[PDB]
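Below, in structure tokens: the form deposited in one PDB entry, a single chain.
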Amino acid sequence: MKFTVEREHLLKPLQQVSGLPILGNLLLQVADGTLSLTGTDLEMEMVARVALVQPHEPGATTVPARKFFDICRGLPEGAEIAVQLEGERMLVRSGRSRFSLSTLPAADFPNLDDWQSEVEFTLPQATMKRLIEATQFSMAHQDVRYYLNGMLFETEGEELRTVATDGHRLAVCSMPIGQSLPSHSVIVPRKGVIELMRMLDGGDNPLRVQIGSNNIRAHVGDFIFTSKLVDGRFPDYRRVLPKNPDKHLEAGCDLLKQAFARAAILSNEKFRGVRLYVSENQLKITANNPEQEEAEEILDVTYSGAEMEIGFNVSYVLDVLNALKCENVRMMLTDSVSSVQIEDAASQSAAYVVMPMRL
């Protein structure tokens, strides 16, 4: 096995394939004019292809991922990196820098089980990026309900939808993708969502998604990502969206966010409850803590409904306002014993639900 490749042609591939010792190595394969690099953690896998325009010789080995990445990154910009197998070592040469790395046999590099694609679609990368970003923050972390440690991907009609919830707050985003789809849904593990997201530069290469019974695959240009799905049953987001919230408050996102952020300073550190009092075109936010410190914020907003009060966890609300990254926000209220739904005031494509607190 031998190849010589420009440093910069290896850097993006190496970042994508980087995260038993062999799981800490990358499989390198020279075949039919192409260098393929594979990383895996047994739950998921990334394969990056690099075209080889300089002389090369076929073969395959595995090499420590972090050391090989760090050597390539540490070489000077535009360096040519000559790689050859020599006995049990992998030699890396560029200028008068030489490195001998240990290897493990390509034969021992683990593969995901073979599987069949059942559902497939193509969409712009920017659309997948939007879907994931809109909701990623609401996924559970290492919860006993293992099926919340990931993101639902649901096809229906011509829409792809993502749902994330940690059992307390929920995020949902739907986008039309211009293809008739089966009604189907799957759960992608947390780490898979994150790796998928990192693969997307949002650029001009179409993203092709293939879904099997127990696997998902995403293909963009020179990169192919494969993950196991979470084998479990996800909650129905339709049941948590409030029935008929008829009290809509609209305000500038940044003004609302800064008012909540100040008030939060004097909220309970553990449960983070703040109270809202809504009246004719006015919002008052209050917060207090066990030491009886108090905050109050009054803002002009757009609101015409009945007067009401509601409490909620300000961290959950701030998470939403931070995810939204839009000029104006709509808070869709019902009463003091019901959830609130929050949206970009200009778009229904993403919706967030936060539960009421009694304070």
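For every residue, the number given is its place in the sequence shown, counted from 1.
Although it is not shown, the form deposited with a partner chain bound is what the next lines describe.
When you look in the bound PDB entry, the only residue of 129, 191, 168, 184 with a non-hydrogen atom within 4.5 Å of the partner chain is 168. In summary, among the residues 235, 221, 176, 105, the only one with a non-hydrogen atom within 4.5 Å of the partner chain in the bound PDB entry is 235. Using a 4.5 angstroms threshold between heavy atoms, residue 207 stays clear of the partner chain in the bound PDB entry. None of the heavy atoms of residue 16 is located within 4.5 Å of the partner chain in the bound PDB entry. Contact check for residue 248: every heavy atom lies farther than 4.5 Å from the partner chain in the bound PDB entry. In the bound PDB entry, the partner chain sits within 4.5 Å of a heavy atom of residue 357. Residue heavy atoms within 4.5 Å of the partner chain in the bound PDB entry occur in exactly one stretch of 222-230, 117-125, 193-201, 160-168, and that stretch is 160-168.
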